[PDB]
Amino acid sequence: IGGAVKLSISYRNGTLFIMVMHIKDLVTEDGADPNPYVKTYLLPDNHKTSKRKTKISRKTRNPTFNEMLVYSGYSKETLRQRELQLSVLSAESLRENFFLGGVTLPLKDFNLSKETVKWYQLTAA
């Protein structure tokens, strides 16, 4: 577990925008290059509908995604009662997908009237 993810987070027209830009310095226990993708949830997830994820970036510890994850139909009031749970996992075809690191971000901490671009350190459980 290690590394850091750069995100751009904003809100416009009743929609939350999470831009996954890139990740640096992912590590694996056995030293082989992972196949990272990013998955996010908005928690708590009453209806169990909030999974979003990026494409897989293959064979790299420093993936660039520049992908936008979109959450529609939420008011800021509701969002301030949610946390964004971000996971980085390796896509594996011959073994279980495994956890490379994550970060949980209470959305109340953001100024959702502007765009916030920032680096976040990835951690364990």
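Residue numbers here begin at 1 and follow the sequence given.
Peer 1: Averaging only over Cα atoms, indicate whether 66-74 or 29-37 has the higher B-factor in the PDB entry.
Peer 2: Higher mean C-alpha B-factor: 29-37.
Peer 1: According to the deposited model, is the average Cα temperature factor higher in 50-58 or in 91-99?
Peer 2: Mean B over CA atoms: larger for 91-99.
Peer 1: Classify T15 as lowest, middle or highest third according to the C-alpha B-factor given in the PDB entry, relative to its own chain.
Peer 2: According to the entry, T15 has a C-alpha B-factor in the chain's lowest third.
Peer 1: Pull the Cα B-factor of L7 out of the PDB entry and bin it into the chain's lowest, middle or highest third.
Peer 2: Ranked within chain, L7 CA B lands in the lowest tercile.
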